[PDB]
There are 2 protein chains.
Amino acid sequence: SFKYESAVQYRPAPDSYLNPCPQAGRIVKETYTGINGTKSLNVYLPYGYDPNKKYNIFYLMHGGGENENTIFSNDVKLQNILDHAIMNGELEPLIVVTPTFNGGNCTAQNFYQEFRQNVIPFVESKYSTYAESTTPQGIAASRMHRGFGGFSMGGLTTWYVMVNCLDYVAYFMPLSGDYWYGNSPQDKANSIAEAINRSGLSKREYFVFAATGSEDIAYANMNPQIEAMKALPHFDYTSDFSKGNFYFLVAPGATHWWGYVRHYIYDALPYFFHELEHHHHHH
Amino acid sequence: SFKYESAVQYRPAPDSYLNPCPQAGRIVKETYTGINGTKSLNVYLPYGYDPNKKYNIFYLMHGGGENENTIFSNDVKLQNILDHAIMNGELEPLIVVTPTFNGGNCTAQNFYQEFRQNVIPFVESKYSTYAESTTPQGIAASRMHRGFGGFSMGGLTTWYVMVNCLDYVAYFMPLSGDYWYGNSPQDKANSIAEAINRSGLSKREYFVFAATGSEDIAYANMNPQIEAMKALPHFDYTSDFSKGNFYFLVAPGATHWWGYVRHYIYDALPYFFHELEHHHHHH
């Protein structure tokens with residue numbers, strides 16, 4: 001079983017996890033129409049996916065110049081990691097969706113709107129999540145079973161998703177991404193605080209697991225933001241999400257490259273979705 | 001609303017709480033037969049008690065030379081404190097039961113057996129608790145909504161209840177009571193640890209809020225026991241039961257007397273029954 005650590009450390013997946021696992025989850029290519037026109041995404045279903053069961057769902061965004069296919073391409077191979085981790089019992093089965101911020105009027109920053117209105121209702125009406133319906137009320141009532149993350153520009157997307165979508169999403173994984181508000185780290189922090197206040201949520205209802213590499217240029221802006229967030233009452237700093245809600249993993253020597261960032265996901269994603277989960281688990 | 005503090009301090013109820021509250025809960029005198037013959041207890045029902053609702057239940061034991069009527073007599077007046085705290089919103093409504101360790105073969109130490117077999121089934125078949133039935137399975141499945149405490153010899157009773165009844169009871173309030181096992185504080189601690197291990201429970205499924213006065217002779221044996229318990233992995237020391245599960249409140253200058261001990265209860269009882277509660281509360 002999984003056990004929460006209070007300060008989890010960078011730990012890459014074994015080399016063999018980058019290769020195909022014979023217990024492969026199905027990746028389905030989907031096309032949908034929304035406020036930024038006709039676009040595509042991929043949905044990863046866990047091996048043994050049973051549509052009579054309910055699954056947590058994690059949405060994960062690519063970086064600049066990439067697209068909805070990148071994360072599951074040979075350039076990244078995240079599905080192989082997911083497959084092997086799920087078969088070995090390190091990660092509880094979940095749906096992982098890779099959308100895009102390209103197309104139409106869409107930008108990494110404004111994607112949250114298409115996410116709220118088109119992406120969630122499209123995905124979660126077809127696949128089996130904890131959403132009982134895809135009205136605003138049904139999405140909001142299943143928020144504990146929904147997560148959002150992304151790398152670089154997709155990291156930035158994640159931040160704008162948290163500030164605009166706390167009603168719909170409880171778990172956030174910004175990977176090497178800055179957030180732009182005011183002109184100081186404190187102003188960034190305070191914008192996030194004000195979003196949390198408007199939401200009415202308690203400290204046990206939102207969770208942030210950020211990460212980057214110590215040789216990734218994103219560290220320069222992320223670290224002061226994280227420090228300013230630590231000062232806020234809204235966040236209790238620890239990776240033990242049974243006790244707190246905010247952690248920053250820094251991989252020593254890691255650069256701004258999917259080859260490393262895929263391992264952040266391997267490290268952080270097993271920490272998601274246990275709070276108020278419907279299983280009886282000791283973590 | 002109530003908010004958890006990480007190190008709650010001794011704070012007596014206002015003087016006016018010792019007087020009758022016009023929103024008085026009903027105290028019902030009950031007689032039952034069990035393994036120690038025919039005996040009595042009192043059941044305190046909260047003001048507005050609705051038998052269509054479910055209530056948490058706290059069992060509370062008297063000291064040496066006292067009886068099932070003592071805690072709700074003029075010598076103690078706990079019901080007035082309960083009444084006023086419940087009317088002012090400081091304590092969520094609950095059933096409080098005062099049994100006795102007198103009669104038959106019963107002793108403060110061996111009461112746990114009569115408690116398991118006769119007291120719980122008698123009380124919880126008549127009054128409205130979270131127990132869906134009073135078989136061993138129905139009691140065990142409602143354990144998160146059951147608590148046990150007591151003063152002096154009743155404190156000792158509480159300890160023997162924890163070591164024998166973790167399957168039935170999640171919250172424990174030993175007040176000025178020692179536990180006897182081995183001849184060192186570590187041996188006491190290790191006996192409690194071994195009981196927790198046999199139960200299969202996690203750290204989020206049992207809670208201990210101990211207390212005494214700094215001028216109460218019980219402090220002499222309680223404090224080394226508590227220290228030895230702190231060292232165990234089984235217990236995370238803090239009164240914030242959303243994060244940990246073990247606290248020791250020491251009232252400075254307080255003596256071995258109900259006049260003080262009733263205030264420990266006022267302080268500690270609002271901390272009980274919130275973990276995995278069926279209400280939507282921010283604490």
# chains A, B, ... in the order shown; residues from 1 in each chain; ligands from 1
>>> calpha_fit_and_write(fixed="chain A", moving="chain B", output="JSON list (two decimals) with C-alpha atoms, in the first residue's frame")
[["chain", "number", "residue", "atom", "x", "y", "z"],
["B", 1, "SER", "CA", 0.00, 0.00, 0.00],
["B", 2, "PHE", "CA", 0.94, 3.66, -0.27],
["B", 3, "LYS", "CA", 2.12, 5.59, 2.87],
["B", 4, "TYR", "CA", 2.31, 9.36, 3.10],
["B", 5, "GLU", "CA", 5.75, 10.82, 3.86],
["B", 6, "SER", "CA", 5.95, 14.32, 5.31],
["B", 7, "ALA", "CA", 8.83, 15.43, 2.90],
["B", 8, "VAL", "CA", 8.93, 13.16, -0.13],
["B", 9, "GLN", "CA", 12.12, 13.28, -2.16],
["B", 10, "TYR", "CA", 12.78, 13.14, -5.88],
["B", 11, "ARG", "CA", 12.96, 9.53, -6.98],
["B", 12, "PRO", "CA", 12.84, 8.58, -10.61],
["B", 13, "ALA", "CA", 10.85, 5.59, -11.81],
["B", 14, "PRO", "CA", 13.06, 2.55, -12.64],
["B", 15, "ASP", "CA", 14.41, 2.47, -16.23],
["B", 16, "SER", "CA", 12.18, -0.55, -16.98],
["B", 17, "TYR", "CA", 9.07, 1.62, -16.41],
["B", 18, "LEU", "CA", 9.79, 3.52, -19.60],
["B", 19, "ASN", "CA", 9.22, 0.35, -21.58],
["B", 20, "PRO", "CA", 5.81, -1.10, -22.55],
["B", 21, "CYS", "CA", 3.97, -2.90, -19.78],
["B", 22, "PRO", "CA", 1.88, -5.91, -20.78],
["B", 23, "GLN", "CA", -0.96, -4.54, -18.57],
["B", 24, "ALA", "CA", -1.52, -1.52, -20.82],
["B", 25, "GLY", "CA", -4.27, 0.97, -20.19],
["B", 26, "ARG", "CA", -6.26, 2.06, -23.24],
["B", 27, "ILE", "CA", -5.52, 5.55, -24.69],
["B", 28, "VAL", "CA", -8.52, 6.93, -26.58],
["B", 29, "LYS", "CA", -8.26, 9.87, -28.97],
["B", 30, "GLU", "CA", -11.32, 12.17, -28.63],
["B", 31, "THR", "CA", -12.44, 15.16, -30.70],
["B", 32, "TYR", "CA", -14.99, 17.65, -29.25],
["B", 33, "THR", "CA", -16.36, 21.10, -30.03],
["B", 34, "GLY", "CA", -16.27, 23.97, -27.53],
["B", 35, "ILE", "CA", -15.72, 27.70, -27.19],
["B", 36, "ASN", "CA", -12.36, 27.41, -29.04],
["B", 37, "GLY", "CA", -13.72, 25.34, -31.92],
["B", 38, "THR", "CA", -13.06, 21.71, -32.71],
["B", 39, "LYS", "CA", -10.22, 20.21, -30.75],
["B", 40, "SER", "CA", -8.77, 16.92, -29.49],
["B", 41, "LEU", "CA", -7.57, 15.27, -26.29],
["B", 42, "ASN", "CA", -6.42, 11.84, -25.11],
["B", 43, "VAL", "CA", -7.94, 9.87, -22.36],
["B", 44, "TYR", "CA", -5.84, 7.21, -20.58],
["B", 45, "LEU", "CA", -7.97, 4.48, -19.01],
["B", 46, "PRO", "CA", -6.34, 2.22, -16.43],
["B", 47, "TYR", "CA", -5.78, -1.45, -17.16],
["B", 48, "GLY", "CA", -9.01, -3.27, -16.09],
["B", 49, "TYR", "CA", -11.06, -0.09, -16.48],
["B", 50, "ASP", "CA", -14.59, -1.05, -15.45],
["B", 51, "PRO", "CA", -17.28, 1.48, -16.40],
["B", 52, "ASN", "CA", -19.46, 0.24, -13.47],
["B", 53, "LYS", "CA", -16.76, 1.58, -11.07],
["B", 54, "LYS", "CA", -15.95, 5.27, -10.45],
["B", 55, "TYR", "CA", -12.42, 6.68, -11.08],
["B", 56, "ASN", "CA", -10.58, 9.77, -9.99],
["B", 57, "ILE", "CA", -9.50, 11.92, -12.91],
["B", 58, "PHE", "CA", -6.35, 13.90, -13.42],
["B", 59, "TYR", "CA", -6.06, 16.38, -16.26],
["B", 60, "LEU", "CA", -2.52, 17.07, -17.40],
["B", 61, "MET", "CA", -1.34, 19.85, -19.68],
["B", 62, "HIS", "CA", 1.60, 19.96, -22.10],
["B", 63, "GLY", "CA", 4.15, 22.79, -22.46],
["B", 64, "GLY", "CA", 4.89, 25.44, -25.05],
["B", 65, "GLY", "CA", 5.03, 24.20, -28.65],
["B", 66, "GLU", "CA", 3.63, 20.76, -27.67],
["B", 67, "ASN", "CA", 0.09, 19.32, -28.11],
["B", 68, "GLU", "CA", -2.48, 16.90, -26.74],
["B", 69, "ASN", "CA", -0.43, 13.89, -28.04],
["B", 70, "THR", "CA", 2.94, 14.80, -26.57],
["B", 71, "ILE", "CA", 2.70, 13.30, -23.08],
["B", 72, "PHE", "CA", 1.69, 9.91, -24.46],
["B", 73, "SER", "CA", 4.19, 10.04, -27.38],
["B", 74, "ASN", "CA", 7.66, 8.43, -27.46],
["B", 75, "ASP", "CA", 9.09, 11.81, -26.43],
["B", 76, "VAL", "CA", 7.62, 11.31, -22.92],
["B", 77, "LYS", "CA", 6.07, 7.82, -22.47],
["B", 78, "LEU", "CA", 4.04, 8.74, -19.41],
["B", 79, "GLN", "CA", 1.56, 5.90, -20.13],
["B", 80, "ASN", "CA", 4.31, 3.30, -19.64],
["B", 81, "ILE", "CA", 5.09, 4.76, -16.20],
["B", 82, "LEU", "CA", 1.39, 4.87, -15.37],
["B", 83, "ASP", "CA", 0.91, 1.26, -16.55],
["B", 84, "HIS", "CA", 3.80, -0.19, -14.57],
["B", 85, "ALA", "CA", 3.02, 1.86, -11.41],
["B", 86, "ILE", "CA", -0.59, 0.76, -11.53],
["B", 87, "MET", "CA", 0.29, -2.90, -12.10],
["B", 88, "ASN", "CA", 2.82, -2.83, -9.22],
["B", 89, "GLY", "CA", 0.27, -1.26, -6.80],
["B", 90, "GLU", "CA", 2.16, 2.05, -6.42],
["B", 91, "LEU", "CA", -0.60, 4.11, -7.93],
["B", 92, "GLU", "CA", -4.32, 3.56, -7.45],
["B", 93, "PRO", "CA", -6.08, 3.23, -10.80],
["B", 94, "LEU", "CA", -7.27, 6.56, -12.29],
["B", 95, "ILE", "CA", -8.24, 8.23, -15.62],
["B", 96, "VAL", "CA", -5.58, 10.67, -16.92],
["B", 97, "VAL", "CA", -6.62, 13.13, -19.60],
["B", 98, "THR", "CA", -4.22, 15.12, -21.86],
["B", 99, "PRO", "CA", -5.95, 18.12, -23.44],
["B", 100, "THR", "CA", -4.48, 21.08, -25.31],
["B", 101, "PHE", "CA", -4.36, 24.83, -24.98],
["B", 102, "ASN", "CA", -3.86, 25.25, -28.78],
["B", 103, "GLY", "CA", -6.64, 26.13, -31.24],
["B", 104, "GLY", "CA", -9.11, 28.97, -31.69],
["B", 105, "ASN", "CA", -8.75, 31.78, -29.09],
["B", 106, "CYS", "CA", -7.21, 29.36, -26.58],
["B", 107, "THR", "CA", -3.95, 30.18, -24.70],
["B", 108, "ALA", "CA", -2.23, 28.51, -21.83],
["B", 109, "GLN", "CA", -3.59, 31.23, -19.58],
["B", 110, "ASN", "CA", -7.27, 31.20, -20.67],
["B", 111, "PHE", "CA", -7.74, 27.43, -21.10],
["B", 112, "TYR", "CA", -9.53, 27.22, -17.74],
["B", 113, "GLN", "CA", -12.66, 28.50, -19.39],
["B", 114, "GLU", "CA", -12.83, 25.83, -22.05],
["B", 115, "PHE", "CA", -11.89, 23.37, -19.29],
["B", 116, "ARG", "CA", -14.92, 24.30, -17.16],
["B", 117, "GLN", "CA", -17.49, 24.52, -19.96],
["B", 118, "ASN", "CA", -16.49, 21.96, -22.59],
["B", 119, "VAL", "CA", -13.68, 19.61, -21.49],
["B", 120, "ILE", "CA", -15.09, 18.34, -18.17],
["B", 121, "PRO", "CA", -18.67, 17.84, -19.47],
["B", 122, "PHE", "CA", -17.43, 16.09, -22.60],
["B", 123, "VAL", "CA", -15.03, 13.74, -20.80],
["B", 124, "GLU", "CA", -17.01, 13.01, -17.68],
["B", 125, "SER", "CA", -20.35, 12.36, -19.48],
["B", 126, "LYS", "CA", -18.60, 9.59, -21.58],
["B", 127, "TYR", "CA", -16.15, 8.10, -18.99],
["B", 128, "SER", "CA", -16.85, 6.87, -15.54],
["B", 129, "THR", "CA", -15.77, 9.47, -12.92],
["B", 130, "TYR", "CA", -17.29, 10.44, -9.55],
["B", 131, "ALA", "CA", -19.36, 13.14, -11.29],
["B", 132, "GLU", "CA", -23.03, 12.06, -10.98],
["B", 133, "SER", "CA", -23.83, 14.60, -13.69],
["B", 134, "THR", "CA", -21.93, 17.21, -15.64],
["B", 135, "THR", "CA", -23.97, 20.27, -14.61],
["B", 136, "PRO", "CA", -22.03, 22.87, -12.56],
["B", 137, "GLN", "CA", -23.52, 21.24, -9.39],
["B", 138, "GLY", "CA", -22.46, 17.68, -10.32],
["B", 139, "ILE", "CA", -18.94, 18.78, -11.18],
["B", 140, "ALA", "CA", -18.59, 20.82, -7.98],
["B", 141, "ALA", "CA", -19.92, 17.92, -5.81],
["B", 142, "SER", "CA", -17.25, 15.56, -7.27],
["B", 143, "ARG", "CA", -14.30, 18.07, -6.97],
["B", 144, "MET", "CA", -12.45, 15.88, -4.43],
["B", 145, "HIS", "CA", -12.00, 13.36, -7.23],
["B", 146, "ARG", "CA", -10.61, 15.79, -9.84],
["B", 147, "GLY", "CA", -7.07, 17.04, -10.30],
["B", 148, "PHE", "CA", -5.19, 19.28, -12.66],
["B", 149, "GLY", "CA", -1.47, 19.57, -13.49],
["B", 150, "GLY", "CA", 0.94, 20.51, -16.22],
["B", 151, "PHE", "CA", 4.46, 21.39, -17.25],
["B", 152, "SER", "CA", 5.92, 24.82, -18.13],
["B", 153, "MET", "CA", 3.21, 26.73, -20.01],
["B", 154, "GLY", "CA", 0.93, 23.92, -18.76],
["B", 155, "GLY", "CA", 2.18, 24.71, -15.28],
["B", 156, "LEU", "CA", 1.02, 28.25, -15.83],
["B", 157, "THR", "CA", -2.29, 26.78, -17.03],
["B", 158, "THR", "CA", -2.50, 24.88, -13.73],
["B", 159, "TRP", "CA", -2.15, 28.01, -11.69],
["B", 160, "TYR", "CA", -4.94, 29.76, -13.65],
["B", 161, "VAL", "CA", -7.06, 26.64, -13.20],
["B", 162, "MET", "CA", -6.58, 26.82, -9.44],
["B", 163, "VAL", "CA", -7.45, 30.51, -9.22],
["B", 164, "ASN", "CA", -10.59, 30.08, -11.41],
["B", 165, "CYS", "CA", -11.68, 26.45, -10.76],
["B", 166, "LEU", "CA", -11.37, 25.63, -7.03],
["B", 167, "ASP", "CA", -15.14, 24.90, -7.11],
["B", 168, "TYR", "CA", -14.40, 22.05, -9.60],
["B", 169, "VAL", "CA", -10.85, 20.85, -8.70],
["B", 170, "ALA", "CA", -9.21, 19.92, -5.41],
["B", 171, "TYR", "CA", -5.72, 18.67, -6.41],
["B", 172, "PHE", "CA", -3.10, 20.74, -8.32],
["B", 173, "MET", "CA", 0.28, 19.76, -9.76],
["B", 174, "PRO", "CA", 2.06, 22.78, -11.24],
["B", 175, "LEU", "CA", 5.34, 21.57, -12.67],
["B", 176, "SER", "CA", 7.95, 24.23, -13.66],
["B", 177, "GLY", "CA", 5.35, 27.00, -14.14],
["B", 178, "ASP", "CA", 5.05, 30.55, -12.94],
["B", 179, "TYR", "CA", 1.91, 32.46, -12.17],
["B", 180, "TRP", "CA", 1.64, 36.09, -13.14],
["B", 181, "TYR", "CA", -0.05, 38.57, -10.76],
["B", 182, "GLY", "CA", 1.16, 41.91, -9.22],
["B", 183, "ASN", "CA", 4.88, 42.42, -9.48],
["B", 184, "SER", "CA", 6.01, 40.54, -6.35],
["B", 185, "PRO", "CA", 5.96, 37.02, -5.03],
["B", 186, "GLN", "CA", 3.58, 38.20, -2.19],
["B", 187, "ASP", "CA", 1.07, 39.51, -4.72],
["B", 188, "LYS", "CA", 0.97, 36.11, -6.44],
["B", 189, "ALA", "CA", 0.42, 34.42, -3.09],
["B", 190, "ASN", "CA", -2.29, 36.91, -2.09],
["B", 191, "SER", "CA", -4.20, 36.44, -5.35],
["B", 192, "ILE", "CA", -4.30, 32.67, -4.62],
["B", 193, "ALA", "CA", -5.39, 33.36, -1.03],
["B", 194, "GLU", "CA", -8.24, 35.62, -2.28],
["B", 195, "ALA", "CA", -9.38, 32.89, -4.66],
["B", 196, "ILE", "CA", -9.42, 30.37, -1.74],
["B", 197, "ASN", "CA", -11.45, 32.87, 0.38],
["B", 198, "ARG", "CA", -14.04, 33.39, -2.38],
["B", 199, "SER", "CA", -14.40, 29.60, -2.72],
["B", 200, "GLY", "CA", -15.52, 29.06, 0.98],
["B", 201, "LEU", "CA", -13.26, 25.91, 1.10],
["B", 202, "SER", "CA", -11.34, 24.78, 4.17],
["B", 203, "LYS", "CA", -7.63, 23.81, 4.28],
["B", 204, "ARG", "CA", -8.64, 20.11, 3.94],
["B", 205, "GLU", "CA", -10.39, 20.67, 0.61],
["B", 206, "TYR", "CA", -7.54, 21.82, -1.74],
["B", 207, "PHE", "CA", -4.08, 20.42, -2.26],
["B", 208, "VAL", "CA", -1.05, 21.72, -4.10],
["B", 209, "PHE", "CA", 1.98, 19.57, -5.00],
["B", 210, "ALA", "CA", 4.33, 21.76, -7.01],
["B", 211, "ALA", "CA", 7.66, 20.64, -8.43],
["B", 212, "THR", "CA", 10.64, 21.65, -10.54],
["B", 213, "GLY", "CA", 14.34, 20.94, -10.99],
["B", 214, "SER", "CA", 17.14, 22.84, -9.31],
["B", 215, "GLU", "CA", 18.68, 23.49, -12.80],
["B", 216, "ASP", "CA", 15.32, 24.38, -14.40],
["B", 217, "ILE", "CA", 15.02, 28.14, -15.05],
["B", 218, "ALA", "CA", 11.42, 28.03, -13.72],
["B", 219, "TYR", "CA", 12.89, 27.55, -10.23],
["B", 220, "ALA", "CA", 13.97, 31.21, -10.28],
["B", 221, "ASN", "CA", 10.33, 32.46, -10.18],
["B", 222, "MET", "CA", 8.66, 29.43, -8.63],
["B", 223, "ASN", "CA", 10.73, 29.33, -5.46],
["B", 224, "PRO", "CA", 9.81, 32.89, -4.26],
["B", 225, "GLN", "CA", 6.15, 32.24, -5.06],
["B", 226, "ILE", "CA", 6.20, 29.00, -3.05],
["B", 227, "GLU", "CA", 7.96, 30.75, -0.11],
["B", 228, "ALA", "CA", 5.26, 33.48, -0.10],
["B", 229, "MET", "CA", 2.52, 30.81, -0.24],
["B", 230, "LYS", "CA", 4.11, 29.08, 2.81],
["B", 231, "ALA", "CA", 3.59, 32.20, 4.90],
["B", 232, "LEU", "CA", -0.18, 32.15, 4.19],
["B", 233, "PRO", "CA", -2.58, 30.53, 6.78],
["B", 234, "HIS", "CA", -4.37, 28.93, 3.76],
["B", 235, "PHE", "CA", -1.56, 26.37, 3.29],
["B", 236, "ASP", "CA", 0.06, 23.92, 5.79],
["B", 237, "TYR", "CA", 3.41, 22.86, 4.30],
["B", 238, "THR", "CA", 4.00, 19.10, 4.14],
["B", 239, "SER", "CA", 3.60, 16.32, 1.58],
["B", 240, "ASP", "CA", 1.55, 14.36, 4.18],
["B", 241, "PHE", "CA", -1.86, 15.34, 2.82],
["B", 242, "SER", "CA", -3.57, 13.63, 5.78],
["B", 243, "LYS", "CA", -2.12, 16.55, 7.82],
["B", 244, "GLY", "CA", -1.48, 19.46, 5.39],
["B", 245, "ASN", "CA", -1.97, 20.58, 1.85],
["B", 246, "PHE", "CA", 1.09, 22.07, 0.15],
["B", 247, "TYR", "CA", 4.49, 20.78, -0.94],
["B", 248, "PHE", "CA", 7.28, 21.82, -3.37],
["B", 249, "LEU", "CA", 9.50, 19.04, -4.71],
["B", 250, "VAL", "CA", 12.85, 20.25, -6.11],
["B", 251, "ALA", "CA", 14.76, 17.59, -8.06],
["B", 252, "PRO", "CA", 18.49, 18.30, -7.56],
["B", 253, "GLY", "CA", 20.37, 18.75, -10.90],
["B", 254, "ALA", "CA", 17.22, 18.29, -13.00],
["B", 255, "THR", "CA", 16.70, 20.45, -16.10],
["B", 256, "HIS", "CA", 13.73, 21.82, -18.00],
["B", 257, "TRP", "CA", 12.92, 18.58, -19.86],
["B", 258, "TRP", "CA", 10.13, 15.92, -19.91],
["B", 259, "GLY", "CA", 12.74, 13.23, -19.24],
["B", 260, "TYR", "CA", 12.85, 14.55, -15.64],
["B", 261, "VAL", "CA", 9.32, 15.99, -15.36],
["B", 262, "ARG", "CA", 7.71, 12.61, -16.03],
["B", 263, "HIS", "CA", 9.40, 11.39, -12.79],
["B", 264, "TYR", "CA", 7.92, 14.29, -10.79],
["B", 265, "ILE", "CA", 4.54, 12.95, -11.84],
["B", 266, "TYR", "CA", 5.51, 9.43, -10.80],
["B", 267, "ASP", "CA", 6.48, 10.86, -7.40],
["B", 268, "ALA", "CA", 3.56, 13.23, -6.85],
["B", 269, "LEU", "CA", 0.51, 11.51, -8.37],
["B", 270, "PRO", "CA", 0.41, 8.60, -5.86],
["B", 271, "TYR", "CA", -0.18, 11.36, -3.25],
["B", 272, "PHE", "CA", -3.48, 12.42, -4.83],
["B", 273, "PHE", "CA", -7.12, 11.58, -4.14],
["B", 274, "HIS", "CA", -6.92, 9.83, -0.76],
["B", 275, "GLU", "CA", -8.63, 12.52, 1.30],
["B", 276, "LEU", "CA", -12.23, 11.52, 1.92],
["B", 277, "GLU", "CA", -11.76, 8.65, -0.59],
["B", 278, "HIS", "CA", -14.52, 6.01, -0.66],
["B", 279, "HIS", "CA", -12.13, 3.10, -0.09],
["B", 280, "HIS", "CA", -10.90, 1.95, 3.30],
["B", 281, "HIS", "CA", -7.18, 2.62, 3.08],
["B", 282, "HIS", "CA", -4.52, 3.21, 5.78],
["B", 283, "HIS", "CA", -2.00, 5.75, 4.43]]
>>> select_by_dssp(residues="segment 47-238 of chain A", states="strand (DSSP E)", output="list in words")
residues 57, 58, 59, 60, 61, 95, 96, 97, 98, 146, 147, 148, 149, 150, 151, 171, 172, 173, 174, 175, 207, 208, 209, 210, 211, 212 and 213 of chain A
>>> write_last_selection(atoms="C-alpha atoms", output="mmCIF file, in the first residue's frame")
data_model
loop_
_atom_site.group_PDB
_atom_site.id
_atom_site.type_symbol
_atom_site.label_atom_id
_atom_site.label_comp_id
_atom_site.auth_asym_id
_atom_site.auth_seq_id
_atom_site.Cartn_x
_atom_site.Cartn_y
_atom_site.Cartn_z
ATOM 1 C CA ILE A 57 -9.503 11.922 -12.910
ATOM 2 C CA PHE A 58 -6.345 13.899 -13.417
ATOM 3 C CA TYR A 59 -6.061 16.381 -16.258
ATOM 4 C CA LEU A 60 -2.516 17.074 -17.398
ATOM 5 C CA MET A 61 -1.335 19.852 -19.684
ATOM 6 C CA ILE A 95 -8.235 8.231 -15.618
ATOM 7 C CA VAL A 96 -5.580 10.667 -16.923
ATOM 8 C CA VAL A 97 -6.623 13.126 -19.603
ATOM 9 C CA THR A 98 -4.224 15.120 -21.857
ATOM 10 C CA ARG A 146 -10.610 15.785 -9.836
ATOM 11 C CA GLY A 147 -7.073 17.040 -10.296
ATOM 12 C CA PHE A 148 -5.188 19.283 -12.665
ATOM 13 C CA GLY A 149 -1.469 19.570 -13.485
ATOM 14 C CA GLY A 150 0.945 20.514 -16.216
ATOM 15 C CA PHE A 151 4.464 21.390 -17.252
ATOM 16 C CA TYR A 171 -5.724 18.671 -6.405
ATOM 17 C CA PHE A 172 -3.100 20.742 -8.321
ATOM 18 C CA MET A 173 0.282 19.760 -9.756
ATOM 19 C CA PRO A 174 2.061 22.781 -11.238
ATOM 20 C CA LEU A 175 5.338 21.566 -12.675
ATOM 21 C CA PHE A 207 -4.082 20.420 -2.259
ATOM 22 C CA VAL A 208 -1.047 21.717 -4.099
ATOM 23 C CA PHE A 209 1.981 19.566 -5.004
ATOM 24 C CA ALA A 210 4.329 21.756 -7.008
ATOM 25 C CA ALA A 211 7.659 20.641 -8.430
ATOM 26 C CA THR A 212 10.641 21.647 -10.539
ATOM 27 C CA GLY A 213 14.336 20.941 -10.986
#
>>> select_by_dssp(residues="segment 118-240 of chain A", states="helix (DSSP H, G or I)", output="number ranges by chain")
A: 118-126, 136-141, 143-145, 153-165, 185-199, 219-231
>>> decode(residues="segment 183-194 of chain A", atoms="N, CA and C atoms", output="CSV table (one decimal), in the first residue's frame")
chain,number,residue,atom,x,y,z
A,183,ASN,N,3.5,42.5,-9.1
A,183,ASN,CA,4.9,42.4,-9.5
A,183,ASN,C,5.7,41.9,-8.3
A,184,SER,N,5.2,41.1,-7.4
A,184,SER,CA,6.0,40.5,-6.4
A,184,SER,C,5.6,39.1,-6.0
A,185,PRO,N,6.4,38.3,-5.4
A,185,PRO,CA,6.0,37.0,-5.0
A,185,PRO,C,4.7,37.1,-4.1
A,186,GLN,N,4.7,38.1,-3.2
A,186,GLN,CA,3.6,38.2,-2.2
A,186,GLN,C,2.2,38.4,-2.9
A,187,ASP,N,2.3,39.2,-4.0
A,187,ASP,CA,1.1,39.5,-4.7
A,187,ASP,C,0.5,38.3,-5.4
A,188,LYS,N,1.4,37.4,-5.9
A,188,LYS,CA,1.0,36.1,-6.4
A,188,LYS,C,0.3,35.3,-5.4
A,189,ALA,N,1.0,35.1,-4.3
A,189,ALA,CA,0.4,34.4,-3.1
A,189,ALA,C,-0.9,35.0,-2.7
A,190,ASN,N,-1.1,36.3,-2.6
A,190,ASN,CA,-2.3,36.9,-2.1
A,190,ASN,C,-3.4,36.8,-3.0
A,191,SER,N,-3.2,36.8,-4.3
A,191,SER,CA,-4.2,36.4,-5.4
A,191,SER,C,-4.7,35.0,-5.1
A,192,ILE,N,-3.9,34.1,-4.8
A,192,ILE,CA,-4.3,32.7,-4.6
A,192,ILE,C,-5.1,32.6,-3.3
A,193,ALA,N,-4.6,33.2,-2.3
A,193,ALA,CA,-5.4,33.4,-1.0
A,193,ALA,C,-6.8,33.9,-1.3
A,194,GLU,N,-6.9,35.0,-2.0
A,194,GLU,CA,-8.2,35.6,-2.3
A,194,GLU,C,-9.2,34.7,-3.0
